[PDB]
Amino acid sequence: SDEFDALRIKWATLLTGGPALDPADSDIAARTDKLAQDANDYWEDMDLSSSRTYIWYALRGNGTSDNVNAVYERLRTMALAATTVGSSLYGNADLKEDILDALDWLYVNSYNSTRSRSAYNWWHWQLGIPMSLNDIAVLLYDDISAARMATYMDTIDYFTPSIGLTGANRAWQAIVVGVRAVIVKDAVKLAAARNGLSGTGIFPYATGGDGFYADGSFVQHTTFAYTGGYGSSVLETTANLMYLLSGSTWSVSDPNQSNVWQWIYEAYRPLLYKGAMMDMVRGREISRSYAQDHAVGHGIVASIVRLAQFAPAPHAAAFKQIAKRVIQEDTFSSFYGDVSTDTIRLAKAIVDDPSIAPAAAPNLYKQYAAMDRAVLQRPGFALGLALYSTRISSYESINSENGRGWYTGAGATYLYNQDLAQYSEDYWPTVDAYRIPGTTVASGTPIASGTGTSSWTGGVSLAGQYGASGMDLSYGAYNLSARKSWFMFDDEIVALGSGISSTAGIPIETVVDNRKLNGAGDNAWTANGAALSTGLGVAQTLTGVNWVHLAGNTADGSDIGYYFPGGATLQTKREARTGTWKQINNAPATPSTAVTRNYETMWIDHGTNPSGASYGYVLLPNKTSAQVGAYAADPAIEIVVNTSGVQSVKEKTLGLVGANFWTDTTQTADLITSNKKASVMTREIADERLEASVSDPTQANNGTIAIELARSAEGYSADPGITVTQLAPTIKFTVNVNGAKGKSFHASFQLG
C-alpha cells in the first residue's frame, strides 16, 4: 500500500460512509434502503444485450451530453449501492460487472477522445461526466482491470488535463484532475489539483469578476450574485478536495485557505435561515425542482460538516456548532434526507455530542455591495433584498432555465419566518413571476437579462446592526424609472418609492407582497380592523387602507403586518395558481407534473404613464392583528422625505435616521446634509452620542462625500477615510470613498 492507496480509500469512505456505517441508525438505514431500491430500479431497466444501442432507452442519444451525463450519474448510484455497507446490493458481483460493461460500451460508442472537447454542452464532457466516472472508478477500483481503467482515465485526461477556469468551474476542474491523479497515482497531476485551489475565484479574494469578495459576496458568470448556486458548488468541491488532501504530501499549504473559514461566517451564514439558502443568491438555480432553498441549504451544511473534519481550531468547533443549530432549526425537511451517507454519519456524531452547543442565530444587517444584495437577520425572521445595476445583472437564464426570472433581482424583497416552506413546495413554478414582492414594474411586462444603466445600487450598514439600501430604477426593455429605498430596523422594514415615471403606455404597479398561502388558501386577514373574506378566486380593491394583517401558515411566527403612512389603495387578489417546473426549466428530465398553490397578492396601481408617483409601506413581521392595529395607533417610524432627490425615514424609539441621497447636489434630510449621492444612517442617544455611517453606493465617486450633521459634538473617533473638520456648532466631515467598493464608513460623535 502506498500513499495514493490511502487517499483512494479516504475518498471512497467519503462516498460510502465507510465500513463503520451503523445500519441501526434510522436515517442511515433509510438512505441505504433507497440507494438499493434506486439501484435495482435502474439495473432492472438496463439493456444487457451485447447488441444494445443504449444503456437506458429513456436516456438514448450518445451525442446528447445531457443524456450521457445522466447515464453516468445512474451508474454512479448503482456503484454506490454495491459499495455502501448496509445496502442489500453490497458486494453484488453481477451488478459491479454490469456497471463496468456499461462503461466500456459508453467508451466505445460515446464518451471518448474522438469527440470535440468543446462540443455542447462542454460542462458535461469536461466536468459532469468525469466527476461521476472518477467516483465509479474509486468505488469499483479493485474490480477494474488495467485495460478498462486506461480507457476511463485516458478519456478524462483528454477532456480535462489541467485547471485554468474560475470559481466553481476551476474547483470542478481541480476535483476532476485530483481524483484521477489519485486513481492513476500521478504525483504531478495531484500537485496541480492542489495548486488549482489557489487560483481565480477560489482562495484569493476577487475585487471584480468571479470569486469571493472581502465583503462576503460571491459572483459567478461575471455579473451574477451566486453564493447559493455556483457558490454552493465551489464550497462543496473545495471542502471535499481540501479534506481529501489534508494530512497528506499534497495537503493544501496556501495561506489563503484561511479565507475559506471566512466564507462560512460572512458569505453563507448570513444568508441561511433555518435551513434555507436564500433564493436571491442562487441565480438560475431557483428554477430547479431538485434544488429548492432547503435542499440547497442542507448541501451547504453538509460542506460545513466536511470542513469541521480537518479545519484548525477554533474553526472546526464553530463549524460543528453552526451545523448543529441548522439541523435542529429546520423542521421543514430532514437534513439527513438529502445529504451523502457519510455526511449523515459525521453529522449525527455532532448532533449526538452534548459538549457541542448549537451556535447562536445570526443577528445583523449586512450589505453585500459586491453583488447588489443586502440582508437583515433577527429573532423570528430574516429579510433578503435583491437588486441589480451596471455591475450586477437583472437575472440569468441560460440552457432553458429560469425563463421567468425577470424581476427576482429588481428590488425584490424576501421575508423568511416560521413558514419555512414559503419558497419551497413548488413556489417558483406557480407564483406570478410578473409580481415579485417589493418590485415596481410595467404590469405583466418582462425585462431583459443583463446589467442596468444605473450605478446607484447598494446601501449603508450601521455597525452591522441596522441599515438602508436603495436602487435607482430604469429598465431598458421599456420606459420606467424610480427611486426605491428600504430602511431596516429591528422589526420594521420601510419601503419608499418616489419619482416613479413612465412613458411606456403600460399600467405601472408596485408589489407590496405576494405570499403562498395554506392548502385551503383560507388564511385569515384583516384591514383597518375589519376581517376580509378568505375565499379563493376573489379579487378586491381596498381603499383608504391604514394597515393590513395576514395570518401565516403556522399558528405562531409567520404572520405579517403592513402599515401604510398616509393611507393607501391596494389592489389585491387571492387565487390558486397552477404550473409545472417544465415551464421554467425546459429540460427533458424536468417533472411535467402539474401543481397548484395558493397566493395572496397585493400591489399599488400607479396608473399608466405616471409622473413623479410614489409609495411608502412598512413590513411588520410576526405581529398579530391586534398588534398591527396598535402599531397603526402610534407608528414607530416617520417618513422624513420621499422625493426623487432624497428618501429618508426616522425611527424615534431607536433614535435612527436613514437617508438615501440620489443626486450630486447638496440636500438635507432631518439632521443629515450631504453634497453627493450617498446612503447614510445616524443613531442618536440623547445628550450622549451620535453615530453615523456613510457609503457611496455608486462605487464610482473617486473623491469624497461631504456630510454635515445638525448637532454639536464634544469629540469623536472615526474609521480611516473620514476627516472631521468641525464639531461645533454643527458636525462636518468628508468621506474618502475612492475605490471603497460600496463599503460603509463609520464615525461616533460624543455629544454634550
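Numbering starts at 1 and follows the sequence shown.
Checked against the record, the higher mean CA B factor of 527-535 and 382-390 lies with 527-535.
In this crystal structure, the stretch out of 296-304 and 359-367 whose C-alpha atoms carry the higher mean B factor is 359-367. For the set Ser287, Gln571, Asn256, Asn169, the PDB entry puts the maximum C-alpha B factor at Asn256. Ranking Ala119, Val640, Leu420, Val494 by the C-alpha B-factor listed in the PDB entry places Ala119 at the top. For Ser644, the recorded CA B-factor ranks within the middle third of the chain. Only modelled residues enter the ranking. Among the modelled residues of its chain, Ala93 has a C-alpha B-factor that falls in the highest third according to the deposited record. Per the PDB record, residue ranking by Cα B-factor puts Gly196 in the highest third of the chain. In this PDB entry, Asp719 carries a Cα temperature factor that places it within the middle third of its chain's modelled residues. Annotation for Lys743: CA B-factor lies in the lowest third of the chain's modelled residues.
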